[PDB]
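Below are two forms of the same protein chain, given as structure tokens: structure 1, then structure 2.
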Structure 1
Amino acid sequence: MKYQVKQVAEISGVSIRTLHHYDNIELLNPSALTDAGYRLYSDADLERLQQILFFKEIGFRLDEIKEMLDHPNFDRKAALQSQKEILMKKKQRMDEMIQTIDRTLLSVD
């Protein structure tokens, strides 16, 4: 029924420290707590975690992920594209950086 850090960390691949941090940030708040304070996660919490984890792969930030999960109305298409555009530019920057390196490695190679 419920899961505690060790298990959630194992099922999802993230660290316990991560679960805490996501808890402190209000990104992912456990569904329950034991009298002793132990965090107890529900299957729903696990879906939520998978989604925040997926948006993480696309390069979004915890705040963006948060605002998108807490506010579903927020159009996702435009976000997925803009994020793409942002990514593409980051890629373009690195290219210019690599050129600068090559354009520099031409001297006693």
Structure 2
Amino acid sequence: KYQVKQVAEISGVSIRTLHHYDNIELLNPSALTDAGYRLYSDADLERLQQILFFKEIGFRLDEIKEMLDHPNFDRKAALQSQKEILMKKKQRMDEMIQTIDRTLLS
């Protein structure tokens, strides 16, 4: 029911980006207009939403492609897994910063 331009509007996601999704089979248009323009369902938006969220959380376009279709996917698990990844990525920054403060004492 929604043309590419409508969703890019609704979501705030770029057309260019949205195209890229279609291209990597990450998010594909459900229908097609009679002139050949791509059409999107609400279930389609329902997916764009998952995408934007995993993306917000820290996932790369590719690992998101996986998660989405996989059967009995474990959300709680993934999120709890990510939270740990982030916690390590953070502590690592903290170390780098410390190292800089130590050096910056001369």
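So that the term is clear: the rigid core is the largest set of C-alpha atoms that superpose within 1.5 Å between two forms. Structure 1's sequence is the ruler for residue numbers, which start at 1.
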Out of structure 1 and structure 2, where do we see the form deposited with the DNA bound? 1
When the two forms are laid on each other by their rigid core, does residue 34 show a Cα shift of 2 Å or more between structure 1 and structure 2? yes
Rigid core superposed, residue 99 Cα shift between structure 1 and structure 2 in Å? 1.1
Report, in Å with one decimal, the C-alpha displacement of residue 63 between structure 1 and structure 2 after core superposition. 2.3
